[PDB]
Ligand SMILES: *[C@@H]1O[C@H](CO)[C@@H](O[C@@H]2O[C@H](CO)[C@@H](O[C@@H]3O[C@H](CO[C@H]4O[C@H](CO[C@H]5O[C@H](CO)[C@@H](O)[C@H](O)[C@@H]5O)[C@@H](O)[C@H](O[C@H]5O[C@H](CO)[C@@H](O)[C@H](O)[C@@H]5O)[C@@H]4O)[C@@H](O)[C@H](O[C@H]4O[C@H](CO)[C@@H](O)[C@H](O)[C@@H]4O[C@H]4O[C@H](CO)[C@@H](O)[C@H](O)[C@@H]4O[C@H]4O[C@H](CO)[C@@H](O)[C@H](O)[C@@H]4O)[C@@H]3O)[C@H](O)[C@H]2NC(C)=O)[C@H](O)[C@H]1NC(C)=O
Ligand SMILES: *[C@@H]1O[C@H](CO)[C@@H](O)[C@H](O)[C@H]1NC(C)=O
């Protein structure tokens, strides 16, 4: 668990520990503690139906860029766990969800 | 839109079968993948296994195929049984649906593509545990 402390009204660019071993396709998940988990970003730029324009990702053009999650203006209700389901091309099937990253909002 | 509802026994003893049913309504199982995700209290999320329309009985490495996920298209549910459970397997179990989208980086004729899975619609989950009584 890697806690990231960001106060209210400030942006947060949360990455994950697994680096890009080639062409990647990450799936960001928001897991509220006890409630149902939800999807944030699939295919690194596509937003599903139910996510507004606050959670944005980075495209995979010109490989060498990192896989992160940009939250512009995080509200008070975004106190949950964030997962980086990294699917690269050279490491095969990734059954594990990775490190459970707990975002801590200050204030 | 699909609606996922789950229900289980809630309390198990060691060396038993933890069979939890996850029923769906609204849409059928024609083009909808099915999977189960577990998470122990104090631990992170853990994909234990998935099933497809071709009866893909593939499961997580930690699980080591000790669990079976069954997909019965007759009575429209998704069952997940856990034979020979351990007392250190207390977790809250979520069932979700997946999408087999392929990420193509090279050509498709050589096999330069991989399948990534997006668990879009989830369930609220049941909280099962291993107690003394
Ligand atoms: C010899 O012959 C062989 C065989 O003929 C040639 O082999 C070809 O080689 C190329 C190069 O490797 C392969 O290209 C890959 O193509 C995929 C295709 O996916 C997209 O393209 C489909 C149609 O494309 C056409 O239309 C679009 C406009 O719609 C146009 O832009 C394009 O030029 C073309 O004219 C779409 O239908 C498709 O949608 C489908 O897939 C979706 C999921 O992918 C699915 O959700 C849909 O429902 C639908 O089913 C899709 O749009 C490319 O994806 C891929 O390029 C990605 O990867 C490289 C390396 O990582 C990266 O640099 C690219 O930028 C691109 O990454 C983008 O896409 C990722 C996933 O889509 C995404 O995660 C990234 O973030 C990134 O997103 C960015 O771009 C998108 C727009 O694409 C934008 O929306 C985002 O905001 C962001 O900016 C490869 O290029 C060919 O497949 C292959 N041919 C065959 C038959 O296999 C060979 O080249 C020949 N050699 C010579 C010398 O001639
Ligand atoms: C490959 O190398 C060239 C120059 O050496 C560079 O311009 C290009 O971005 C590189 N592409 C990748 C995918 O690394």
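Residue numbers (our numbering), protein chains in the order written: chain C, 28 to 134; chain S, -17 to 115. Think of the CB as a built atom: it goes at the ideal place given N, C-alpha and C, for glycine as much as any other residue.
Exercise for review: Identify each residue in the segment 37 to 66 of chain C for which the Cβ-Cβ distance to at least one residue of chain S is less than 9 Å, and report them in chain order.
Suggested key: Hits within the stretch, in order: 49, 50, 51, 52, 53, 54, 56, 58, 61, 62, 63, 64, 65, 66.
Review point. So what does DSSP say about residue 79 of chain C, is it helix, strand or coil?
Key: For the purposes of this step, residue 79 of chain C is identified with residue 52 of the first chain, where counting begins at 1. The answer is coil: DSSP assigns residue 79 of chain C none of H, G, I, E or B.
Practice item. With a threshold of 16 other CB atoms inside 10 Å of the CB of residue 134 of chain C, please say whether the residue is buried or exposed. Key: In the first chain, residue 134 of chain C corresponds to position 107, counting from 1. Within a 10 Å sphere around the beta-carbon of residue 134 of chain C sit fewer than 16 other beta-carbons, which makes this residue exposed.
Check your understanding: In chain C, what lies closer than 9 Å to residue 85 of chain S by C-beta?
Key -> Here residue 85 of chain S refers to the residue found at position 103 of the second chain. Within chain C, the residues whose beta carbon sits less than 9 Å from that of residue 85 of chain S are 50, 51, 52, 70, 87, 114, 116, listed in sequence order.
Review point. Per DSSP, which one or two residues make a beta bridge with residue 28 of chain S?
Key: As a working mapping, residue 28 of chain S is identified with position 46 in the second chain. Paired residues: C:123, S:20.
Check your understanding: Whose C-beta lies closer than 7 Å to the C-beta of residue 117 of chain C among residues of the same chain, with five residues either side of it excluded?
Key -> Counting from 1 along the first chain, the entry for residue 117 of chain C is found at position 90. Excluding the 5 residues flanking it on each side, residue 117 of chain C has same chain C-beta neighbours closer than 7 Å at 48, 49, in chain order.
Point to revise | Where residue 23 of chain C falls: helix, strand or coil (DSSP) | key: Because chain C here runs from 28 to 134, residue 23 of chain C falls outside it and cannot be looked at.
Practice item. Give the interface partners of residue 75 of chain C over in chain S, defined as CB-CB distance under 9 Å, in chain order. Key: Translated into the one-based positions of the first chain, residue 75 of chain C becomes position 48. For the C-beta of residue 75 of chain C, the chain S residues within less than 9 Å are, from N- to C-terminus, 100, 102.
Practice item. For residue 110 of chain C, go through chain S and note every residue whose CB falls closer than 7 Å to its CB, in chain order. Key: Here residue 110 of chain C refers to the residue found at position 83 when the first chain is read from its first residue. Chain order gives the chain S residues near residue 110 of chain C as 27, where near means a beta carbon separation below 7 Å.
Check your understanding: Say the cut is 7 Å; is the CB of residue 71 of chain C nearer than that to a heavy atom of ligand 1?
Key -> On the first chain, position 44 is the one that residue 71 of chain C refers to. For ligand 1, at least one heavy atom lies less than 7 Å from the Cβ of residue 71 of chain C.
Point to revise | Sequence-distant residues of the same chain with beta carbon closer than 8 Å to residue 28 of chain C, five excluded per side | key: The residue you call residue 28 of chain C lines up with position 1 of the first chain. Leaving aside the five residues that flank residue 28 of chain C on each side, the residues in its chain whose CB is nearer than 8 Å to its CB run, in chain order, 126, 127, 128, 129.
Review point. According to the neighbour-count rule (16 or more other Cβ atoms, all chains shown, within 10 Å of its Cβ), is residue 88 of chain C buried or exposed?
Key: Here residue 88 of chain C refers to the residue found at position 61 when the first chain is read from its first residue. Residue 88 of chain C comes out exposed.
Check your understanding: What does DSSP give as the partner residues of residue 65 of chain S in its beta bridges?
Key -> Here residue 65 of chain S refers to the residue found at position 83 of the second chain. Within the DSSP secondary-structure output, residue 65 of chain S pairs in a beta bridge with S:-1.
Exercise for review: Would you list the residues sitting across from residue 80 of chain S in a DSSP beta bridge?
Suggested key: Taking the second chain and counting its residues from 1, the one referred to as residue 80 of chain S is at position 98. In the DSSP output, where bridge partners are listed per residue, residue 80 of chain S has none listed.
Check your understanding: Would you say residue 94 of chain C reaches chain S, if we count a Cβ-Cβ gap shorter than 8 Å as a contact?
Key -> By one-based count along the first chain, residue 94 of chain C stands at place 67. Residue 94 of chain C has a beta carbon lying at 8 Å or more from every beta carbon in chain S.
Practice item. Identify each residue in the segment -10 to 14 of chain S for which the Cβ-Cβ distance to at least one residue of chain D is less than 9 Å, and report them in chain order. Key: The chain inventory of the structure shown lacks chain D, comprising the protein chains C and S.
Practice item. Confirm the yes/no value for this check: CB of residue 91 of chain C, any heavy atom of ligand 2, distance under 7 Å. Key: For the purposes of this step, residue 91 of chain C is taken as the residue at position 64 of the first chain. At a cut-off of 7 Å, the beta-carbon of residue 91 of chain C counts as near ligand 2: some heavy atom of the ligand is closer than that.
Review point. Should residue 75 of chain S be flagged as near chain C, meaning a C-beta pair shorter than 8 Å?
Key: Your numbering for residue 75 of chain S matches position 93 in the second chain. No, residue 75 of chain S lies away from the interface with chain C (no Cβ there is under 8 Å from its Cβ).
Review point. Excluding five sequence neighbours on each side, which residues of the same chain lie with their C-beta closer than 6 Å to the C-beta of residue 54 of chain S?
Key: Translated into the one-based positions of the second chain, residue 54 of chain S becomes position 72. Within the same chain, residue 54 of chain S has no close Cβ partners at all.
Point to revise | Beta-carbon gap between residue 85 of chain C and residue 71 of chain C smaller than 8 Å | key: The count along the first chain starts at 1 and reaches residue 85 of chain C at position 58. The count along the first chain starts at 1 and reaches residue 71 of chain C at position 44. Yes, these two residues count as a Cβ contact at 8 Å.
Point to revise | Own chain residues within Cβ distance below 6 Å of residue 34 of chain C, not counting five before or after | key: Counting from one through the first chain, the residue named residue 34 of chain C turns up at place 7. The beta carbon of residue 34 of chain C sits closer than 6 Å to the beta carbons of 133, 134 from its chain, once the five residues preceding and following it are set aside; these are given in chain order.
Exercise for review: On a CA-only basis, which of S:76, S:72, S:30, S:66 is nearest residue 58 of chain C? Give me that one, please.
Suggested key: To locate residue 58 of chain C, count along the first chain from 1; it is residue 31. Comparing alpha carbon positions, the residue from S:76, S:72, S:30, S:66 closest to residue 58 of chain C is S:76.
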